[PDB]
Amino acid sequence: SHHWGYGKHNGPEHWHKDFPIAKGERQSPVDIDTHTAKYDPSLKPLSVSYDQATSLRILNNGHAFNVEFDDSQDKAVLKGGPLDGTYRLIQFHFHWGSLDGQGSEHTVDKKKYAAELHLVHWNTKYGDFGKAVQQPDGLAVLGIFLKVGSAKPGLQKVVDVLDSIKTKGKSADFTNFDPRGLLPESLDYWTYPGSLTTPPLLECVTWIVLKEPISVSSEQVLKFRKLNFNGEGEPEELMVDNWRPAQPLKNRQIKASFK
Ligand SMILES: Cc1cc(C)nc(SCC(=O)c2ccc(S(N)(=O)=O)cc2)n1
Ligand SMILES: [Zn+2]
């Protein structure tokens, strides 16, 4: 049993052996060189319509925790921005560090943030998530950086349920969670074509990364770091440093919605 993860012998530098697309032409994350990102006056404002989002459950999957949504109806949708058509929210999750100085997957002029939130959405033209990931425009992931400072009040219900899903394969009911509480004020963004940042690393993602980070407290991110990558009754491996580092841009162009 030598499944992928985030250590010496199974972390990101090992993934190409099971998932050769790891060395592909549109892999994520990337460093966002803000001086080289082209302002693109044809980009539209991002449309985030989360009023009717229905969260269902929260799950420790052994790599992160996912807050899952009902996506059987057109309720929590992302559109506009660089996108054609309409993408439905299915789950969100985070990547974070063992220390405040690292943890994000994307970087901004090589700056690492303490964590990074991914709101994952699938293109409704493909009928469901599983079919969507097989298509080059199947997913739109909205990435939002976290820095440590003042608490994010909208985050606290998530933080408070983590002790209930400490270990791999634990889940809990998680209804009426409103993801609008996790958004910064500005929807200014950079966008580029890339991939899922975990295996299977499929090249199916339009990345939209917001320029404005949200602030979370030290106590909030400390609670993320009390999670476990192991299952109950196994030796404790703290769930930290579950981020993939920046991958080669390979001449793709990152576009900015601003400036
Ligand atoms: C492709 C695929 C098919 C099935 C049946 N399950 C999963 S779990 C991995 C995943 O859902 C996922 C979603 C978003 C990201 S990210 N980190 O790029 O936002 C990474 C993995 N993935
Ligand atoms: Zn992610």
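One-based numbering, in listed order, for ligands and for the atoms of each. If you read the sequence from its start, that first residue is 1, and numbering goes on from there.
- Within the 4.0 Å heavy-atom shell around ligand 1 one finds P200.
- In this comparison of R244, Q134, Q91, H118, the heavy atom closest to atom 13 (C) of ligand 1 sits on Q91.
- Remark: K250 NZ is packed, more than 12 non-hydrogen atoms of other residues, nucleotides or ligands lying under 6.0 Å away.
- Within 6.0 Å of the CG atom in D163, the count of heavy atoms belonging to other residues, nucleotides or ligands exceeds 12.
- The nearest heavy-atom contact from the protein to atom 18 (O) of ligand 1 is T197 N, 2.8 Å.
- Inside a 4.0 Å radius of atom 5 (C) of ligand 1 there is not any protein heavy atom.
- Here the protein heavy atom with the shortest distance to atom 12 (C) of ligand 1 is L196 CD2, 3.9 Å.
- Proximity of the aromatic rings of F92 and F177 is defined here by a centroid distance below 6.0 angstrom, and this criterion is met.
- Contact atoms of ligand 1 toward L202: 1 (C) (distance under 4.0 Å to a heavy atom of the residue).
- Of the heavy atoms in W122, none comes closer than 4.0 Å to ligand 1.
- Under the 4.0 Å criterion applied to side-chain N and carboxylate O atoms, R180 and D178 are assigned as salt-bridge partners.
- Nearest-heavy-atom check against atom 19 (O) of ligand 1 across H93, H121, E116, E105 picks out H93.
- The ligand atoms of ligand 1 that sit less than 4.0 angstrom from a heavy atom of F129 are 11 (O).
- Note on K168 versus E237: no salt bridge recorded, every NZ/NE/NH1/NH2 to OD/OE distance being 4.0 Å or above.
- Scanning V120, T198, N66 for the heavy atom closest to atom 20 (C) of ligand 1 points to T198.
- In terms of distance to the Zn ion (ligand 2), the nearest N, O or S atom of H95 is named NE2.
- Heavy-atom contacts of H95 reach the following atoms of ligand 1: 17 (N) (cutoff under 4.0 Å).
- Between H106 and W207, a ring centre-to-centre spacing shorter than 6.0 Å is recorded.
- Residue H118 approaches the Zn ion (ligand 2) most closely through its N/O/S atom ND1.
- Between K125 and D137 there is a salt bridge, since at least one side-chain N of the basic residue sits less than 4.0 Å from a carboxylate O of the acidic one.
- Listed by atom number, the atoms of ligand 1 under 4.0 Å from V141 heavy atoms are 19 (O).
- Only the side chain of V133 comes within 4.0 Å of ligand 1, counting heavy atoms alone; its backbone N, CA, C and O stay farther away.
- Around atom NZ of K75, more than 12 heavy atoms belonging to other residues, nucleotides or ligands sit under 6.0 Å away.
- With respect to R57 and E68, a salt bridge is recorded, a charged nitrogen being found less than 4.0 Å from a carboxylate O.
- Side-chain contact of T107 with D31: a donor-acceptor pair under 3.5 Å is present, judged by distance alone.
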